[PDB]
């Protein structure tokens, strides 16, 4: 993966509402800022219950958004990342409807997992209770195979039936997806829900040896087609390290909340610890298309004795801090859970989670860019967007607080703001200075300061982070200082908003 900043966006929520418009925005307004882009699911349909992640036909671009030729066109100027939903598919797919019609006579019967698929001999209460769950309840629902009531395996909504990733038909399906991506010049694949894609009795059916075997298989097929695979998993952080040593790339989901903690308390010891131990084959983010993950720093939710990177009280305090900084906006969008340790994500734009403090936000982005890994910027964050309460009240979908629809006009108006221009200049600095292609190091004081240094063949840079200097949501004191050396000698910026860095 190129070591350049990428954009995460919906095709229809950035510009006029099409892949062509999104491409035009990227090329005309973010040249040199975002040299790659992760296009969120744009298949048929993109506007269902789960904003494109519940496709009926994963292989056809929604004709309202564009075509695969548009993806091919975009690939000529940007590296493209796309999702591959490998664990399940719509119960409204033609295949599953065929299984409902013909049952075991269906050509696609072996393609879908049932309880009997995994437990041909019966299952114990321990067998079923031990399955790792993103949603409450057992992963089964009732469907009728031509007349016969069957329990279909469903890791998520009952409308998303899980496929047998080990069957010939299922694998054929996955490889059809891979063949289209490969045919439209996509570079990177984000394997959605891949950790659940392998089922085996007596195990958690989540990131087991079988799951890793599946991932490696998909990897070989990808490289055979020129597609690199990215793994997405929200889990207890130690499991994240473990998984990261076994795959090409994972997300760094701990950093966003770690930076919220640092900027709200001034403590940097957790950030230094995570820096020391984190997996470096990472994609770094602050905001995503989902809510802010708190489980990723995370007392283990199956065994609360394995403590996270901060005490549980600091986790509760983090959630409450987002609530306070947003003056209750996130409370309206987050479902209450009777205890903040039970929470999975907190629905708020990152900029809003910081109380819209420009200095804090630009500092967070700087840290993100200085840690090993490819940085991604979510489009809302690319425009320093606030919580969209109108859309939330319209749809009652919590996550929509962080999924504002930006018209071209709105984009151009927000591009005049100093913090946005500071982020653009910062991403240019991160994309153009070759120091970041060299070697990484860092120093720490005890709890006040931490300095990340990259040294390269023709440049060097050190970012010093000291949140202790600028406490307060209304604070305007810079909390990040930057020194770097390029063609023009040594340079220093003590305010990344007022004095964004420019490489010679």
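Residue numbers count along the first chain shown, from 1.
Look at the C-alpha B-factors of 281 to 289 and of 215 to 223. On average they run higher in 215 to 223. Averaged over Cα atoms, the B-factor as recorded in the entry is higher for 141 to 149 than for the other of 141 to 149 and 375 to 383. Among 83, 434, 92, 73, the highest C-alpha B-factor in the deposited entry belongs to 434.
Of the candidates 31, 57, 445, 50, the one whose C-alpha carries the top B factor in the deposited record is 445. Among the modelled residues of its chain, residue 155 has a C-alpha B-factor that falls in the lowest third, as given in the PDB entry.
Residue 195: CA B factor lies in the lowest third for its chain, per the PDB record.
Ranked against the other modelled residues of its chain, the C-alpha B-factor of residue 410 as given in the entry falls in the middle third. Among the modelled residues of its chain, residue 108 has a C-alpha B-factor that falls in the highest third according to the deposited record.
Split the chain's modelled residues into thirds by C-alpha temperature factor. Residue 1 is in the middle one.
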